[PDB]
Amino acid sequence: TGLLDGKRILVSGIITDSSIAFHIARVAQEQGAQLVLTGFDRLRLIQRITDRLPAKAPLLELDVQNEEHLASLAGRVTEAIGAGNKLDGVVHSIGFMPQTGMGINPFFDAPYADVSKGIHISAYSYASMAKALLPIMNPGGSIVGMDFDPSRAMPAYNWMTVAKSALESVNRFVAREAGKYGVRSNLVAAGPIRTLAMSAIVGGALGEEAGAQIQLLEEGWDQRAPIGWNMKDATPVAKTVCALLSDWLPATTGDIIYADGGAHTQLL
């Protein structure tokens, strides 16, 4: 039976059925986890999407930029899972960068307000979610966030790369706080995944140069990866998250696990 059996896990970041978060939730549920889901803004759409998951699960609202949503999140979760119960797991699968700081726009022409909003949502929110939810987490529990390796610069990704560099630093401090509760904190640095958003870029929505750049990155990724890399398949990364959520990596924290086919270990 299941890898996450009898675990209570909060999963953020579902927006479509091609969301990495969607697959994380699916696999987790397939593995016996009992879930609490969170969503931003488009709650009617999200509710419809999440009905396509294997099992029923409460959907709660969370705009990570809303100080009231965060302050109330713990109480609202406890209500959904029942009093006298706590969370074993939390999944941060949230990211955003205005098109001004990421894509076709030059690196220098991103105005700070846009940059700041992206860091807020993509990095700081990892800390604020942890603050909100640690008091209602069990020992042995696990917090997991989604990363994209920012240790080297690349075209297009631009300020989102900077946000991921920030998020990695954030995760190391959150581990310090999380350790006090017997709770681990880690990032999964995933390889490129064809989300709906990504698929549109590949199809030319951000121009032919941008479409060409993403296509070079993907082809080179699969080449470099010793076991290959399938941009269309989010399942291997979801399993990696489930692994970190499980009891089978109990000594790992403040750390980054790479679900990228080994590509980052190879120059070419």
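Heads up: residue numbers just count along the shown sequence, starting at 1.
Compared with the other entries of this protein, residue 206 is frequently left unbuilt, missing from a third or more of those that build its neighbours. Looking at mean Cα B-factors across 214-222 and 231-239, the upper value is held by 214-222. Of the two stretches examined, 24-32 and 47-55, the record assigns the greater average C-alpha temperature factor to 47-55. Within the selection 143, 73, 196, 94, the deposited Cα B-factor values reach their highest point at 196. When the Cα B-factors of 175, 190, 81, 127 are read from the PDB record, 81 comes out highest. Residue 85: CA B factor lies in the highest third for its chain, per the PDB record.
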